[PDB]
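Visitor: Chains as they are written, first to last, in the authors' numbering: chain A, 257 to 346; chain B, 1 to 4.
In this text, a Cβ means the ideal position worked out from N, Cα and C, and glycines have one as well.
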Ligand SMILES: [Zn+2]
């Protein structure tokens, strides 16, 4: 768990997975990929947010990798760096 | 994916 937290209620993988209960199954990215990469569903469209950095992303397409998208849009996220390392984030 |  990172020092910095934007949504303490979503600190656990289990809480983040729980938000995907009503995730549209037509979206081509799996809930476990998103939750593992720090993301939870905010309940509208395919909108998600990271529990650590509060970074928000939508319009998930086939082939999107949540870790790669996390590092390109929110490269200074503390959770991202603790999980994947400085070396993974361009 | 894009930012909101
Ligand atoms: Zn983040």
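Could you give the DSSP three-state label for residue 275 of chain A: helix, strand or coil?
Guide: helix
Visitor: Could you pull out every residue in the same chain whose Cβ sits closer than 6 Å to the Cβ of residue 316 of chain A, ignoring the five residues on either side in sequence?
Guide: So the list reads 283, 285, 302, once near-sequence residues are dropped.
Visitor: Could you tell me the distance, in whole angstroms, from the CA atom of residue 298 of chain A to the CA atom of residue 305 of chain A?
Guide: Cα-Cα distance, rounded: 7 Å.
Visitor: In whole angstroms, what is the alpha-carbon distance linking residue 331 of chain A and residue 276 of chain A?
Guide: 24 Å
Visitor: Would you kindly work out how many angstroms separate the C-alpha atoms of residue 340 of chain A and residue 288 of chain A, rounded to a whole number?
Guide: 17 Å
Visitor: Check each candidate in A:290, A:329, A:338 and name the one with the smallest Cα separation from residue 4 of chain B.
Guide: Just measuring C-alpha positions, the residue of A:290, A:329, A:338 sitting nearest residue 4 of chain B is A:329.
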